[PDB]
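In: Following this: a sequence and the matching experimental structure.
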Amino acid sequence: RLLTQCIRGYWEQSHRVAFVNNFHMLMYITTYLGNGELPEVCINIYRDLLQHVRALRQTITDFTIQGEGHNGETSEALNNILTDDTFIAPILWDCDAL
Amino acid sequence: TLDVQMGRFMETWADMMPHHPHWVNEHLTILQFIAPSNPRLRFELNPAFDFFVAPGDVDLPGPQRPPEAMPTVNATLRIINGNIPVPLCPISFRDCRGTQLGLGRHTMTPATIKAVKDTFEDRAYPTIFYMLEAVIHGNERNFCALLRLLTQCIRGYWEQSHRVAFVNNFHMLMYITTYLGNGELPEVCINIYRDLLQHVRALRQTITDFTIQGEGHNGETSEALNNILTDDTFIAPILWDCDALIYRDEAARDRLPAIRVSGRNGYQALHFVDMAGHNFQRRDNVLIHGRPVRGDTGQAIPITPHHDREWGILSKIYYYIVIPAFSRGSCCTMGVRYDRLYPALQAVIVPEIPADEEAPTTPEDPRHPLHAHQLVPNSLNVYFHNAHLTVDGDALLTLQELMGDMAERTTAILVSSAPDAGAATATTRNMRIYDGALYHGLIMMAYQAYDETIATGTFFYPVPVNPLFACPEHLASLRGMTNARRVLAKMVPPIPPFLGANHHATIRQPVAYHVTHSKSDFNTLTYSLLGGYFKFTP
Amino acid sequence: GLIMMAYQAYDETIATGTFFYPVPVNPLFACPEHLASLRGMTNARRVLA
Amino acid sequence: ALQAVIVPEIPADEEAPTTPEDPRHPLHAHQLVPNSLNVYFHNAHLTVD
Amino acid sequence: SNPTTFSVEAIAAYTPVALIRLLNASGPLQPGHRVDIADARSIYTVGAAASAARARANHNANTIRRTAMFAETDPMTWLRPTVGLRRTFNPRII
Amino acid sequence: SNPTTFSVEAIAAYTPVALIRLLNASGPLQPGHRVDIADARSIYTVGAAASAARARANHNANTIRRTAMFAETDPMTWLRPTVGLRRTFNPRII
């Protein structure tokens, strides 16, 4: 309730998007606050940002050749870095990356 | 019960694969396909045939575990001319051909394109629509009983996100267009539905235009002899009624048919199942036809098909053109868990209104079913309030009038036939075609892996049969999926062998590669996909 | 006589061919899908029409 | 099939109903009997007096 | 209703079950005891459905009874063509 | 609460801290006395949180109790699926 009211207050006062900061914020906003609790324009912005992230991931997938993995490492991680599990995010909230 | 079978398939498939398949490598360009290091190049000889390696002395279909055999080379017929591999017939050529077909034909206005793309793209799509589509299951006397609740739910979903609901099934769009089209729904929604239906009929007219009638051989019409979307032998990926199987059985009659519905050959078609004899754990080959409305059910009365033959043509056109051209290989065909679903559908908490009183409308007063007082844990109103929709008491109470007709469980149907009289040669009759479908199954639009309010695999489990409807990410909903299973399923589309394989199916891998790796438009893609589905029979 | 704009065969709230029956006279006003409202319609006559 | 109207006997010194939410209207569910013209007009969602 | 006596869940349990708005399933159980079980499952379901159709009971003084759905006999049809109601109105009758 | 006697800050101070909406801190101090100090800080914090959880006291006549949140057992799950409330409603019971 507090998150919904705060984002609605920040949006219909300056037409700017709140909480675009953390990655573990727009997953949660898109999954939970996407069924109609927010105005139509905000959830479209969050869904479009998520669309662009997944489009970049799909672009990484197209430019590699699968099926050639060496020593327990997939080919997509062996081609790119953003799919390489050794390289970690600049900030961490939960220990799953380690 | 289609869960043990899928689990056995994955547990066998974990170590079944020692190398990458030769029919997946369709990302090659022309100069790499022509290059002498290509191992597939020796097996590409005749443009209307696919040559592969097959087990010897094996009578298809065989047992669950393939017997050891000496490998021999078996051929099969390329029914589609778009089944010619993508390095030989390029994507850009198919797009230009589709532009040539759709020159003066009907196109969709960009509003419908944007709304339907936003619906197929919606990862926060409410599952209430999925359960209602699974439970209504495309029956006229069952859909029209819930007209008010469907109207309220569609109006609630549209005037909060500007997205068009229930565009999943084909016995949902046609019913909405026929019944809820006189003005109950707002002006913009029915325009989008009517534009989709008009585009489907324009594709049908395009199929009719590019053929020459008056040439029917062995009781097979010219349309089915030229095209596939007008072929009665080929069936829709999801069957809701047994009418398509009836038309398949009486239409072919000379090309040798066969059907396998959960074990033994043949179907039974016993309709009108109720609370008396539902029997969720049923094992035999019976299929629930649903209640006919123009007559009496009876027991000795044979099954009469619900709709005209044109409904099947529109169904195949929709499911094989419009859904792939918009979804682009993200949607996955699945069966539901009815025995896990109906006990969750009996829990409504509609209160007892006093007499000589008016029904509440807004959810602010206590008498509303969606108010905070009535939101008990594990009910149906928590399911509705998760989707943030507003419904009335009678709209929730019409499920009792629904409940007299039900569906038992989903099942896997594998039909097969000889090639038609157009290409029936004494050596071509042995090369049979095997394709599959789900009775009483669904498709979700895109899969949400992080919605933890509903536990994964509670209602729907992934069982894909089409290369167009393969799903690399939906397999997390299956019980017992590891990282290795995901990484082996990422490169190969998982199609189980009890639903037909790629080299024996009708719709093959190059059509899926064309639909998932083309970025042209949404009208030109549809006309290119129609121009693909033209037979290469002489 | 009347002219209808487009025939619907999937609206079951009115029985088929209750008030109108197809009797077309023009090549312009021919109707392949309106013949489902005549009593005694089969597959052969439909595909021949 | 046209002789069956369910227009109610409106009392004198009372105003004619326009919206269909009141029981005095012909298209209210109280005055919506099967097999009449009221079901024909309500199937098309058109409001008349 | 008695003596059977009351569903405590248990696997016995009793087949109707004529309650409504039950906060009894969840609720404690807590959990099920050392009984074999198979069914249970459908017995509860057909019990609950008939215990909600019986929990209608009233809301029929608000009806506006059931209608003919589509156009069908209606055993005369020689004076009066049948037309069914599409139930998109609000049945409240007041 | 008594006899300890009352947090005058000081560093003793007294660990609950059973006051509400205190304008005690700012407020005069003015400032703290000649003591060692480090904690203080933790003892204040655990007391302040407890003196807000206790300062709820009422407003549970307005709940609308907390629920299962997410989908989890719910110790049967063999006759009914489990789905929790996503709290976006206004809990007031009135």
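Out: Good, I have the coordinates. Residues are numbered from 1 along each chain as shown, chains lettered A, B, ... in the order given.

In: list the contacts for residue E:74?
Out: The contact partners of residue E:74, taken as Cβ atoms under 8 Å, 6 or more residues apart in numbering or on different chains, are D:35, E:68, E:80, E:82. In short, each C-beta sits where N, CA and C put it, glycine included.

In: How about residue A:83?
Out: Shown in contact with residue A:83 (Cβ under 8 Å, 6+ apart): A:57, A:60, A:74, A:76, A:77.

In: Specify which member of those residues is nearest to chain F.
Out: For the contacts of residue A:83, the closest approach to chain F (Cβ to the nearest Cβ) belongs to residue A:57, at 26.7 Å.

In: Could you check how many residues crowd around residue A:20?
Out: Using other Cβ atoms under 10 Å in any protein chain shown, residue A:20 is surrounded by 13 other residues.

In: wait, isn't it in contact with residue A:48?
Out: No: between residue A:20 and residue A:48 there is no contact under Cβ atoms under 8 Å: 11.5 Å.

In: quick one, longest helix in chain A?
Out: Using DSSP state H to define each element, chain A has its longest helix at helix A:40-62.

In: Just give the closest residue to the residue in chain E that chain A sits nearest to, not the sequence neighbours.
Out: Per Cβ to the nearest Cβ, residue E:26 is where chain E lies closest to chain A, at 22.7 Å. Distance criterion Cβ to Cβ, 6 or more residues apart in numbering or on different chains; nearest residue to residue E:26, sequence neighbours excluded, is residue B:378 at 5.2 Å.

In: measure that neighbour to residue B:450 for me?
Out: Using Cβ to Cβ, to the nearest Å, residue B:378 is found at 22 Å from residue B:450.

In: Might you enumerate the residues of chain E proximal to chain D?
Out: When proximity is defined by Cβ under 8 Å from any Cβ of the partner chain, chain E lies next to chain D at E:64, E:67-68, E:74, E:80-86, E:88-94.

In: Buried among those? Make that a PyMOL selection.
Out: The buried subset of the residues of chain E next to chain D, as determined by 16 or more other Cβ atoms under 10 Å in any protein chain shown, is captured in PyMOL by this line:
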select buried, chain E and resi 64+67+68+82+83+84+85+86+88+89+90+91+92
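
In: In terms of helices and strands, where is residue E:48?
Out: In the assignment (DSSP states H and E), residue E:48 maps to helix E:41-56.

In: What residues sit buried inside that helix?
Out: Going by 16+ other Cβ under 10 Å, helix E:41-56 has these buried residues: E:42, E:43, E:44, E:45, E:46, E:47, E:48, E:49, E:50, E:51, E:52, E:55.

In: Now do the same contact list for the closest residue to chain F within chain E.
Out: Proximity of chain E to chain F (Cβ to the nearest Cβ) peaks at residue E:31, 4.1 Å away. Residue E:31 makes contact with F:75, F:76, according to Cβ under 8 Å, 6+ apart.

In: now swap in the one 4 residues further on and tell me
Out: Contacts for residue E:35 (Cβ under 8 Å, 6+ apart) come out as E:10, E:11.

In: how about the residues of chain E near chain B?
Out: Within chain E, the residues that sit near chain B (Cβ under 8 Å from any Cβ) are E:21, E:23, E:25-26, E:41-42, E:44-46, E:48-50, E:52-53, E:56, E:58-59, E:61-62, E:66, E:69-70, E:72, E:86-88, E:90-92, E:94.

In: Go ahead and confirm residue A:61 touches residue A:76.
Out: Yes: because the distance of 6.4 Å satisfies Cβ under 8 Å, residue A:61 is recorded as touching residue A:76.

In: Which one of the two is surrounded by more residues?
Out: Taking neighbours as other Cβ under 10 Å, residue A:61 and residue A:76 compare with residue A:76 leading, 21 against 15.

In: Helix, strand, or coil at the more buried one?
Out: Here residue A:76 is helix, with the state taken from DSSP: H, G, I helix; E, B strand; the rest coil.

In: could you dump the contacts of residue A:83 to a markdown table with distance to residue E:6?
Out: Formatted as a markdown table, these follow (distance: Cβ to Cβ, whole Å):
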| residue | distance to residue E:6 |
| --- | --- |
| A:57 | 56 |
| A:60 | 61 |
| A:74 | 58 |
| A:76 | 59 |
| A:77 | 60 |
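
In: Give the buried subset of the residues you listed as a PyMOL selection command.
Out: Burial among those is assessed by 16+ other Cβ under 10 Å; the matching PyMOL selection reads:
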select buried, chain A and resi 60+74+76+77
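
In: Name the nearest of the contacts of residue A:83 relative to chain E.
Out: Nearest to chain E among these is residue A:57, at 39.7 Å by Cβ to the nearest Cβ.

In: how close does the closest one get to chain B?
Out: Applying Cβ to the nearest Cβ, to the nearest Å, the value for residue A:57 to chain B is 11 Å.

In: how many other residues sit next to residue 12?
Out: Picking chain A for this. Counted by other Cβ under 10 Å, the residues lying close to residue A:12 total 11.

In: my bad, chain E
Out: 13.

In: so it is in which element?
Out: Residue-wise, residue E:12 maps onto no helix or strand under DSSP H and E.

In: circling back: ok, the contacts of residue A:83 vs residue E:14, which is closest?
Out: Nearest to residue E:14 among the contacts of residue A:83 is residue A:57, at 55.1 Å by Cβ to Cβ.

In: of all of chain A, which residue lies closest to chain D?
Out: Nearest residue of chain A to chain D, counting by Cβ to the nearest Cβ: residue A:36, 26.3 Å away.

In: now residue A:3, what's its secondary structure?
Out: Of the three states, residue A:3 takes helix under three-state DSSP.

In: again but with residue E:78, I slipped
Out: Using three-state DSSP, the secondary structure recorded for residue E:78 is coil.

In: From residue B:168, how far off is it?
Out: Going from residue E:78 to residue B:168 by Cβ to Cβ gives 43 Å.

In: same thing with residue A:18?
Out: Relative to residue B:168, residue A:18 is positioned 33 Å away (Cβ to Cβ).

In: what about the residue of chain A most remote from its centre, is that helix, strand or coil?
Out: Distance to the chain centre peaks in chain A at residue A:71, reaching 29.2 Å (criterion: Cα atoms, centre = their mean). Per three-state DSSP, the secondary structure class of residue A:71 is coil.

In: and it, backbone torsions?
Out: In terms of degrees, to the nearest 10, the main-chain angles of residue A:71 are phi 60, psi 50.

In: What helices and strands are in contact with the longest helix of chain A?
Out: Other elements packing on helix A:40-62 under the criterion 3 or more Cβ pairs under 8 Å, 6 or more residues apart in numbering or on different chains; DSSP states H and E are helix A:2-14, helix A:23-31, helix A:75-79, helix B:147-161.

In: could you redo the last one with a cut-off of 7 Å?
Out: If contacts are counted by 3 or more Cβ pairs under 7 Å, 6 or more residues apart in numbering or on different chains; DSSP states H and E, helix A:40-62 sits against helix A:23-31.

In: And the contacts of the helix it packs on?
Out: Helix A:23-31 is contacted by residues A:19, A:20, A:46, A:47, A:49, A:50, A:93, B:123, B:124, B:448, B:450, B:451 when judged by Cβ atoms under 7 Å, 6 or more residues apart in numbering or on different chains.

In: Tell me, how many residues neighbour the first one?
Out: Pointing back at residue A:19 there. 15.

In: Next up, the contacts around the residue of chain E closest to chain A.
Out: Contacts for residue E:26 (Cβ under 7 Å, 6+ apart) come out as B:377, B:378, F:74.

In: quick one on the thing from earlier: of all the contacts of residue E:74, which comes closest to chain B?
Out: Distance to chain B across these (Cβ to the nearest Cβ) is lowest for residue E:68, with 10.5 Å.
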